[PDB]
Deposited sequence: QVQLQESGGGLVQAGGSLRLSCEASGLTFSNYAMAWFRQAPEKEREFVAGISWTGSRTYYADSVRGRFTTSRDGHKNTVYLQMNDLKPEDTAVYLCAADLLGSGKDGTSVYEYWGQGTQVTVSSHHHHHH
């Protein structure tokens, strides 16, 4: 089957950065908007990119802290996390939406990854 595979998670100290990657296999990447969700609570939208790559959207919670981008040559979407906080601890999940806007809203995502765990420590 189609697979979305996240990687890059782990145990990280609060305040620094972390790059997550999601690679799509079996799928025409250029046909799909790609988004990051996270689940601790109910699942929540984090960031998304339109199918064209021209528009990028963020949850209010992460705007100005996280960025997202996509590399069509590698079938990969990235989540660049900065200013990591304990409230960012969650399983981070990649999703694909055919010819989508790169938003949450009315979108129905046809494919989902299984997720990568990010745990932000504020102890030493």
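- Against the full deposited sequence, the model leaves out several stretches, namely 41 to 42, 127 to 130.
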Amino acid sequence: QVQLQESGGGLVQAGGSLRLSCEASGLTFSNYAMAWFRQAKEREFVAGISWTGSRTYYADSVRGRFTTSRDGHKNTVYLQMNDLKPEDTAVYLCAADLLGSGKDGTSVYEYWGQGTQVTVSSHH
From here on, numbers count along this sequence of modelled residues.
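- A summary of the deposited B-factors shows that, of 82 to 90 and 27 to 35, the stretch with the larger mean C-alpha value is 82 to 90.
- For the two regions 100 to 108 and 17 to 25, the entry's Cα B-factors average higher over 100 to 108.
- In the deposited entry, the Cα temperature factor of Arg65 places it in the middle third of its chain's modelled residues.
- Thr52: CA B factor in the highest third of modelled residues in this chain (values from the PDB entry).
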